[PDB]
Each structure stands twice: as C-alpha cells, then as structure tokens.
Amino acid sequence: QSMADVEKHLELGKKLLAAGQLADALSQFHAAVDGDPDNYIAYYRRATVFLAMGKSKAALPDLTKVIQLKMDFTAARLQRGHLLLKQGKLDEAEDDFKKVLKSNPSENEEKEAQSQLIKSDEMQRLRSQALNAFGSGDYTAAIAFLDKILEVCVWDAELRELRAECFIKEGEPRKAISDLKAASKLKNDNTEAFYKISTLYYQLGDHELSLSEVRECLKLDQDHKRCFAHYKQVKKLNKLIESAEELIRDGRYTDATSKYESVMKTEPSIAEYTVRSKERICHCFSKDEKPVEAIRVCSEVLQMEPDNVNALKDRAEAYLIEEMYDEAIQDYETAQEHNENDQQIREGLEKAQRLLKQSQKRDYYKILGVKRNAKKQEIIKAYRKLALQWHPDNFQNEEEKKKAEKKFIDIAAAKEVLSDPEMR
C-alpha cells in the first residue's frame, strides 16, 4: 500500500507554504486531510496556512482536532491559545494557556504562555471598561478603549462591530468601513455582516464596492430577500454612473448629463449622490463650452461644498470663455488653498493672469486693425470713414452721444499712437 498520495500531498504542501504560496499550499493540505482524516500532521499544516492567510474561523476547528488526536503535543494547545486570544475569546484562551503551563510545561513556551495571560488579564478588564462607556453612552471614551483591545485581539469581530458602531454614532461613518469589512472577512459566511458593510459603502457612495459586497451576501444565500433588494438597487445605480463616466470620456456631455439626472432620480434620499452627480454635471457643461449653465451649476455645487476643487476648476475654465478673470483667478486662488502643487491649478493662474494683463492694456488694432501690423496708409482709409462715422454729430440723443465720444476719443487715439517711433 503506497499511501504516497497522502504523503506527497504533505511534501508538496510544505514546500508550497515555504515558497509563500498559501493558497496552493492549502489546496494541498485539504487533500491530505481528506486523504487521512486520522492523521494529525495534516490538520496541523492546514491550520498553519489558515493562520498565515487571514482566516480565523477556519483554523480553530483544525487546531482542536490536533489536540484531540495527539493529546500530548503541547505547542498546538499553545497555538490554539494564541488564536482564541486573537479571537478575543478570553476565558477559553486562559483555560488553554494554563493547561500548557500545567501539563507539559517547558522551555521557551512557558514564557510565551505566561506573558500572554497578562495581556489576557488586562483584556478581560479592558472589554468591561469598553462595554461600560458604550452602554452609558460615551462613545469617544469607548473608542479609545477598544482601539487598544483590538491590538491584542485583531480577530474579534463582535468588538470591531461595536467599535464601528461607535464611529457611526459619532457621525464618522467612513471610519467604520475598516472594521466592518474585517468583521465580514472574519466570519466568512455571515449573511447580515455583508449587508452591514455594503449598506455602509452605499451610504458613503462607494457604490462600486457596495455592489461587490452584496454579491457576496447573495453568493452565500440566493434567497436573502433583503440582499437581493439592495442588489437590484446598487446594480441599477452603478450601471448608470459607470455608463455616465464612459460618456464623459467620449465627450458626449449632454448624454452624460442626462444619465446623471437619472442617477439622482434613482437614489434621491442620500445627499452624497445628488452632490457628486451635480459636480459631474457642472463638469459636463464646462468641458462642453456651455459656460452660462456651467456657472449656474458649479455655483450650487460650491454652495454645498465651497472647497470642491474640481468644481472650482471647471467653473474657472468657464469664466475664461466669458473672460471673467477676476473671478477665474479668485477660484483658482481658492483651489490653491486646497492643492499646493497640483499642476492643473498652478497652470490655471499662469494662463489666466497672462490673459488678465493683455486684457487690461487696450489694443489699438482693436479699433480696426485690418492687418496685424497693418500698413500706415491702409489704416487711414478706414479711419476716415470711422472718423466720419463715429463723430457725435451723426446722431441726436445725448445718451448715445456720450457713448460715441468714447469711440471717438479712441479712434483718434490710434492715429497719434501708431505713426512714427510708436507701434514698435
């Protein structure tokens, strides 16, 4: 009987782990475990790969099987203790940590075991303090407690969740993502955990992520009436925004604008969706050279976010097409306060201020200038007419008159200022 298959599985398995493979190492140790359910080494190796990869649930059962099989082998009960601690299942961990110091206590192990029950004895104390502050209603308090507790028990989902809840109760919902993602990772098959986060990503408009998560919820359970419900939603909503963006890449702005209005229409509750939608619309008009509307919208946007860099920038490019430099600069200058080194913002000013000066100094060819660097005789030709034309004698009413004077003052101003050394 060549039980090589079960043997090779382990060799190949161990080499893979050693190479850093984990994923494949595991595919192998699974083989060995189903190969010889009775063997203890396998259960150990699988368990070590679970651990290596961030998988806490999956490892525990594999460790305790080892214990049961080779009841003697203590490093394993020590391994269990660690896990149960990373898990924050403190009582169970202590009860294991002690039976290590008690049954086959020895060498370096004694130190590890002992130093851990000290963390554990403070942890036990810390969760109480945390759960205290929370129950009584102090969130900021309980946050700081949990922060620490979570350095030692990195894989304690129930607490992470609680911490996440603190953040959101404190109105810092973006901070909760971190914990909620983890919590779902940890439990691996918890239907309500995936909702919890997907729901959150969604509130924050992280709509792409939200969708992948709720896919998960469903991959676990086809029939969840509530995951599905949410899924129809994000799908529809992502489909639209992902579509809109592609149209903004093709410069089909008007089409993108339409798209984004159906976006607001589909998700009208959450502010973040109308806002970001509007931003892009303000962007859509701007890049489409429709400045009036561009201005109209970016105004609404900066009203909700005066610090919205993109919005400022696009509305600036619009002011340009209208030649409103005092405004355009003011905007870039506001965006400056937000981005110190962004080339787009820096280059904004330099282009604008350049044009600002050339605008301030009035042009003479502006009055006619049939040719840039027109011949001195050709100039006089149209001047005679425009001197004939723009003389206040030509029309009766004063209001009009005063206005032509300005043209007259200038038409002649050209003459003296262009002939002789002047002009260049």
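FYI, residue positions are counted from 1 along the chain as it appears here.
Quick reminder: no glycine exception, Cβ is built from N, Cα and C everywhere.
Within the same chain, the residues at least 6 positions away from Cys227 (disulfide bond) whose Cβ sits under 8 Å from its Cβ are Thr191, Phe194, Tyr195, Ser198, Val214, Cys217, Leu218, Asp221, listed in sequence order. Under the DSSP three-state reduction, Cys227 (disulfide bond) is assigned to helix. Taken from Swiss-Prot, the feature disulfide bond applies to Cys217-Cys227 (among others).
Sequence-distant contacts (6 or more apart, same chain, Cβ under 8 Å) of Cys298 (disulfide bond) comprise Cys282, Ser286, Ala311, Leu312, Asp314, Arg315, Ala318. The annotation disulfide bond is assigned in Swiss-Prot to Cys282-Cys298 (among others) on the grounds of experimental evidence.
For 1-3, the entry in the PDB entry reads expression tag. Residue counts of the expression tag (1-3) by helix, strand and coil are 0 helix, 0 strand, 3 coil (DSSP-based).
There are 15 other Cβ atoms within 10 Å of the Cβ belonging to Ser243 (phosphoserine). Under the DSSP three-state reduction, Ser243 (phosphoserine) is assigned to helix. For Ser243, the entry in Swiss-Prot reads phosphoserine, with the evidence type experimental evidence.
Within the chain, the region 'Flexible linker' (344-362) has long-range Cβ neighbours (under 8 A, six or more residues past its boundaries) at 309, 313, 316, 320, 323, 325-326, 328-329, 332-333, 335-336, 410. If you look up Swiss-Prot, you'll see 344-362 marked as region 'Flexible linker'.
The feature repeat 'TPR 1' is assigned by Swiss-Prot to 6-39. When DSSP labels each residue, the repeat 'TPR 1' (6-39) comes out as 27 helix, 0 strand, 7 coil, counted as helix, strand and coil in that order.
Here Swiss-Prot flags 41-73 as repeat 'TPR 2'.
According to Swiss-Prot, the feature repeat 'TPR 3' maps to 74-107. Listed as Cβ neighbours of the repeat 'TPR 3' (74-107) (distance under 8 Å, sequence separation of 6 or more from its ends, same chain) are residues 44, 47, 51, 56, 59-60, 63-64, 66-67, 113-114, 116-117, 119-121, 123-124, 127, 149, 152-156, 158-159.
What Swiss-Prot records for 123-156 is repeat 'TPR 4'. Secondary structure of the repeat 'TPR 4' (123-156), assigned with DSSP and counted as helix (H, G, I), strand (E, B) and coil, comes to 28 helix, 0 strand, 6 coil.
The repeat 'TPR 5' annotation in Swiss-Prot covers 158-190. Through the fold, the repeat 'TPR 5' (158-190) approaches residues 54-58, 88, 127, 130-131, 134, 139-140, 142-143, 146-147, 149-150, 196-197, 200-201, 203-204, 206, 213, 216, 220 of its own chain, all at least 6 residues removed from its boundaries and within a Cβ separation under 8 Å.
Residues 157, 161, 168, 173-174, 176-177, 180-181, 183-184, 230-231, 233-235, 237-238, 241-242, 270, 272-273, 276 of the same chain lie 6 or more positions beyond the ends of the repeat 'TPR 6' (191-224) yet place their CB under 8 Å from a CB of it. Annotation source Swiss-Prot lists repeat 'TPR 6' at 191-224.
Residues annotated as repeat 'TPR 7' in Swiss-Prot: 237-270. Non-local neighbours of the repeat 'TPR 7' (237-270) in the same chain are 202-203, 205, 207-208, 211, 277-278, 280-281, 283-285, 287-288; each lies 6+ residues outside the stretch with a CB under 8 Å from one of its CB atoms.
As annotated by Swiss-Prot, repeat 'TPR 8' applies to 275-308.
Counting residue by residue with DSSP, the repeat 'TPR 9' (309-342) contains 26 helix, 0 strand, 8 coil. Look at Swiss-Prot and you will find 309-342 tagged as repeat 'TPR 9'.
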Greatest C-beta neighbour count within 10 angstroms, which of the disulfide-bonded residues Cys217, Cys282: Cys282
